Every structure is written in C-alpha cells, then in structure tokens.
C-alpha cells in the first residue's frame, strides 16, 4: 500500500468543479477540464517520485523527494507559487502546499490496484478513484 508505481485510469471524480473553482480556475476552462479523460502516471523509486497527470489539453507534472520541501509553480493550473512538502503519514502519502490558499494539498491512499486521491483547497475537497492498468 506504499507502492504507487504505475499507470492509473480514472473511475470516479467527485466535486472536481468545486475544487477547481476554489483554486480560481477560469469558468470556461473548468468547462473543458470536466470533460477530459485523466490518466495518472507515477514513477516511484525509494523516496523519489515523478508524477504525471495527463489529458488531451493540459498536463500536470511534479517531481519530488519525500520529506524535502520544494518550490512549486502551478504553471499549468492556477499559476501560483507554493512551498510543497510530501510525507508519509502511515501508509498515506500527504502533500501540503503552503501559500495563499489555506488547506491546500492532496492525499493518496493506495489499496492494491486502487488509488484514492483527495485534492483539497479551502473548504473544497475533490475525491478521485483510479484503477491500475
């Protein structure tokens, strides 16, 4: 449950629009993003991660080392500077992005061939479920 390697295909996506709105993403682009198929590609070696979420139009890419703070510029999302930090809380992978938005980050629970992802921003939570291909 601590191995997130793989290609992960979306099966569930709840409150995607509320989470994007909390990040101030443009209403027009939110309209397009809600239609796109999302694929999550994770390369994990020890504490080193490369995470890629891909669609037709926009990709989101981030590389990090567990336990090492990094400057993140969310250039393909809301275009903000955050201080990001990914850690293990038991078997949960937790990211906190310190910056303008409060309660901003994400959490991953890996349960066999299922991956549960919760994206948070302010009072909004987006809940996604993926299956390993």
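Positions refer to the first chain, counted from 1.
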According to the deposited model, is the average Cα temperature factor higher in 53-61 or in 36-44? 53-61
So, looking at the entry's B-factor column for Cα atoms, which has the higher mean, 24-32 or 99-107? 24-32
Compared with the other modelled residues in the chain, in which third is the CA B-factor of residue 133? middle
Where does the C-alpha B-factor of residue 87 rank in its chain, lowest, middle or highest third? lowest
Going by what the PDB entry lists, where does residue 118 fall on CA B-factor within its chain: lowest, middle or highest third? lowest
